[PDB]
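Chemist: Dumping the structure here so I can ask a few things about it.
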Amino acid sequence: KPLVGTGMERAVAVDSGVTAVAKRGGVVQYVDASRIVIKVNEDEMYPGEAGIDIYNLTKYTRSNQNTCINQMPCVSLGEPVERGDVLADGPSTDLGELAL
Amino acid sequence: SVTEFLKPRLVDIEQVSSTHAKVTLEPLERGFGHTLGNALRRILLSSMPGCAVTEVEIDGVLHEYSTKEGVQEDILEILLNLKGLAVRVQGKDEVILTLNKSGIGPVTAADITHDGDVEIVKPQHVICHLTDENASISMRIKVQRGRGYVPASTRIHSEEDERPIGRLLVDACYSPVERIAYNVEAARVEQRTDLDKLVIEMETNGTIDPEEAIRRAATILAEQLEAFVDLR
Amino acid sequence: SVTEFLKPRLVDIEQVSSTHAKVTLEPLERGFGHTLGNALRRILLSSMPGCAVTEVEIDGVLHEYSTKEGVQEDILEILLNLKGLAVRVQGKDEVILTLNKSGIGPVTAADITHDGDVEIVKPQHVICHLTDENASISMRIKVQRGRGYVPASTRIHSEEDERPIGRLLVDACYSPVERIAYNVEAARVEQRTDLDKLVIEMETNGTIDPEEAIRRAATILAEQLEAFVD
Amino acid sequence: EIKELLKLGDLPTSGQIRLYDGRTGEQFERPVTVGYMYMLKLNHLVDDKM
Amino acid sequence: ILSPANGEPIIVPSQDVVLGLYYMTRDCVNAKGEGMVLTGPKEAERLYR
């Protein structure tokens with residue numbers, strides 16, 4: 001992360017699609033490098049729905065500039081999350097902040 | 001008495017922690033400490049024997065850019081964590097350690113089934129995290145002894161023999177000392193009122209004895225200087 | 001292994017003159033040449049023992065800025081000439097030598113009173129130029145054995161030993177080392193040019209050979225840390 | 001504000017400290033400006049251009 | 001060594017050599033060792049080192 005920043009790194013990281021974000025808040029049921037399974041809160045479950053959100057991280061996929069795009073999980077097992085929280089940082093991203 | 005010089009000697013070893021240490025040499029004449037100090041700083045930091053991890057082998061891992069089920073971080077992160085591991089082995093320059101772990105939680109360096117010779121300096125050093133109950137990790141760690149830093153590029157360029165698929169190569173940093181700070185101050189010996197003493201603060205990984213480190217550096221310096229002494 | 005290291009076996013020595021050495025040592029370990037050169041230079045500059053002039057007593061001259069009618073050169077010129085003089089005393093640490101000249105005045109170092117213990121490397125080294133025919137110069141110089149360079153400014157303090165007048169203090173310059181420098185270049189051996197090659201340029205006043213001075217400095221440095229190597 | 005933040009830590013307010021030459025081991029004549037800076041690696045690799 | 005356009009030399013220090021040589025030939029007033037008498041440039045270099 002940049003030691004001296006402008007505070008706009010979080011907005012750029014969130015708005016960019018390289019960073020996975022939680023559609024619904026809940027508790028991280030299962031954390032892994034390949035995939036993340038999150039159990040949503042009872043107030044956000046739709047009727048007739050399992051209530052599990054599965055995020056499949058893209059790992060080591062070539063970009064348009066022949067670079068490496070990798071997503072690494074940020075949250076731990078059992079850590080509560082809310083809507084808009086970052087789950088896995090994308091390339092050149094640290095803790096939801098842009099790191100070029 | 002001007003022709004003869006006083007003999008410096010080690011007077012005390014002050015170990016602040018397992019890694020941080022302080023070495024005191026006394027007495028010294030005028031700027032001799034400087035003439036020693038930087039020299040020692042240019043020997044301890046540059047060339048020093050040390051143990052480092054060279055190759056890793058995991059049953060479920062095909063290449064360094066892959067991932068394992070049940071582990072939180074990538075295999076490259078595992079290799080990077082293993083690179084910073086500090087170990088001390090005596091009697092030989094080749095050890096094949098084995099690490100077997102299962103269950104929820106971190107995998108510390110204490111989980112390595114070490115032999116009598118191999119001693120782990122940082123038992124609580126973290127390597128990986130297992131977040132699946134039905135997940136087990138078995139790893140073979142190859143550790144050697146050397147000097148300086150060499151990358152895996154030189155090793156693969158040497159090409160002694162073909163490498164079996166799944167044998168990951170990591171960069172070796174054999175240097176066990178990461179910070180050296182020398183300071184020469186006034187010393188109170190006899191009534192000369194001009195002698196000085198040198199204090200060397202060493203921040204290492206804890207795998208090298210500071211007194212043995214100073215002795216090795218002095219031996220290297222004397223061996224190098226004997227060539228100038230002989231000349232032709 | 002981890003102890004073989006590397007040593008400079010292509011040692012070359014070139015002598016421009018009798019007091020001029022150009023030494024080349026290769027191959028050396030990466031960075032070791034810098035340490036060796038710096039340590040040798042420091043030892044030669046500030047740790048090499050030697051005998052040199054310390055103070056003068058001019059007859060008829062009291063202060064440094066005074067003037068002498070006999071000699072066309074001023075007093076500081078005489079002090080500089082004395083400082084440039086090199087002597088090789090071995091019988092005693094400190095000794096007084098007396099100079100007395102008259103008549104024509106191309107006075108060089110050969111006119112000094114020759115004692116058994118003291119030896120003059122350069123008797124033809126000029127000292128002063130007395131132009132007047134009926135001019136006589138009498139000098140008493142003190143030569144002591146010390147180490148390194150001791151400027152007269154430091155010796156100015158503690159004037160109790162210098163209470164008698166007429167004792168002009170000059171720079172000591174005990175060490176017979178001048179213009180010592182090192183260069184580090186790259187050397188190639190079995191396809192690795194990270195190896196360093198050390199070039200040492202040395203000049204001496206003539207008391208000892210430059211190679212002898214290098215040998216003495218290296219021996220002193222190696223014997224300094226003999227306790228550690230044991 | 002930067003000076004106050006520096007004073008909060010055990011660092012000089014002027015931002016310049018005294019460095020020693022690594023090859024020599026000598027106190028530099030003048031203080032130098034040291035710190036921590038954010039550096040980026042551009043997508044111009046020497047091996048690609050060679 | 002000489003530019004054919006005008007004859008002025010083009011082999012000149014630009015950035016760091018100029019600063020170094022300017023630092024060389026600058027005189028202070030109360031600098032250490034002021035007022036000393038030296039027998040030659042070699043003594044000056046040895047004193048500085």
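In the structure tokens, each chain is lettered A, B, ... as it comes, each chain's residues begin at 1, and ligands are numbered from 1 in order of appearance.
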Please return, as a list in words, all residues of segment 13-50 of chain D that DSSP assigns to strand (DSSP E) on the basis of the backbone.

Modeler: residues 16, 17, 32 and 33 of chain D

Chemist: Show which residues sit within 10 Å of residue 39 of chain A, as a ChimeraX atom specification. Count only C-alpha atoms, and ignore same-chain residues fewer than 6 positions away.

Modeler: /A:24-30,45,50-54,78,80-81

Chemist: Residues of chain D within 12 Å of chain E, counting only C-alpha atoms, what are they? List them as a list in words.

Modeler: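 Selected residues: residues 24, 26, 29 and 30 of chain D.
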
Chemist: For residue 3 of chain D, please output as a ChimeraX atom specification all residues within 9 Å (counting only C-alpha atoms; exclusion window: fewer than 2 positions along the same chain).

Modeler: /D:1,5-8,12-15

Chemist: Please compute the atom CA of residue 92 of chain C-atom CA of residue 78 of chain C distance, one decimal, in Å.

Modeler: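 Here the two named atoms are 25.1 Å from each other.
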
Chemist: Can I get the residues of chain A within 10 Å of chain B, each with the closest pair of atoms and their distance in Å to one decimal, using only C-alpha atoms, sorted chain first then ascending number, as CSV?

Modeler:
residue,atom,partner,partner_atom,distance
A:30,CA,B:131,CA,7.2
A:31,CA,B:131,CA,6.6
A:32,CA,B:72,CA,4.7
A:33,CA,B:72,CA,5.1
A:34,CA,B:67,CA,7.0
A:35,CA,B:69,CA,9.4
A:59,CA,B:66,CA,8.2
A:60,CA,B:65,CA,7.1
A:70,CA,B:74,CA,9.8
A:71,CA,B:74,CA,9.7
A:72,CA,B:73,CA,6.8
A:73,CA,B:72,CA,7.3
A:74,CA,B:72,CA,9.3
A:75,CA,B:72,CA,9.8
A:76,CA,B:72,CA,8.4
A:77,CA,B:131,CA,7.1

Chemist: Store the residues picked out above in a file with C-alpha atoms, as a compact mmCIF listing (two decimals), in the first residue's frame.

Modeler:
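File written: again.txt
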# COMPACT_ATOMS: atom_id res chain seq x y z
CA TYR A 30 -15.55 -21.07 3.80
CA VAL A 31 -12.42 -19.18 2.73
CA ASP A 32 -9.99 -20.61 0.18
CA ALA A 33 -7.68 -19.38 -2.55
CA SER A 34 -9.79 -20.97 -5.31
CA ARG A 35 -13.25 -20.01 -4.05
CA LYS A 59 -6.08 -17.01 -10.65
CA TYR A 60 -3.13 -16.45 -13.01
CA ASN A 70 -4.43 -12.96 -9.76
CA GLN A 71 -6.97 -12.58 -6.96
CA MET A 72 -5.96 -13.42 -3.39
CA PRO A 73 -8.50 -13.75 -0.55
CA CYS A 74 -8.42 -10.99 2.06
CA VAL A 75 -10.97 -12.05 4.68
CA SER A 76 -10.54 -14.99 7.05
CA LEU A 77 -12.90 -17.77 8.07

Chemist: For the structure I just gave you, how does DSSP split chain D - specifically, which residues are helix (DSSP H, G or I)? Reply as a count of residues only.

Modeler: 11

Chemist: Could you tell me which residues of chain D sit within 12 Å of chain B when counting only C-alpha atoms, and give me the result as a VMD selection string?

Modeler: chain D and resid 20 to 27
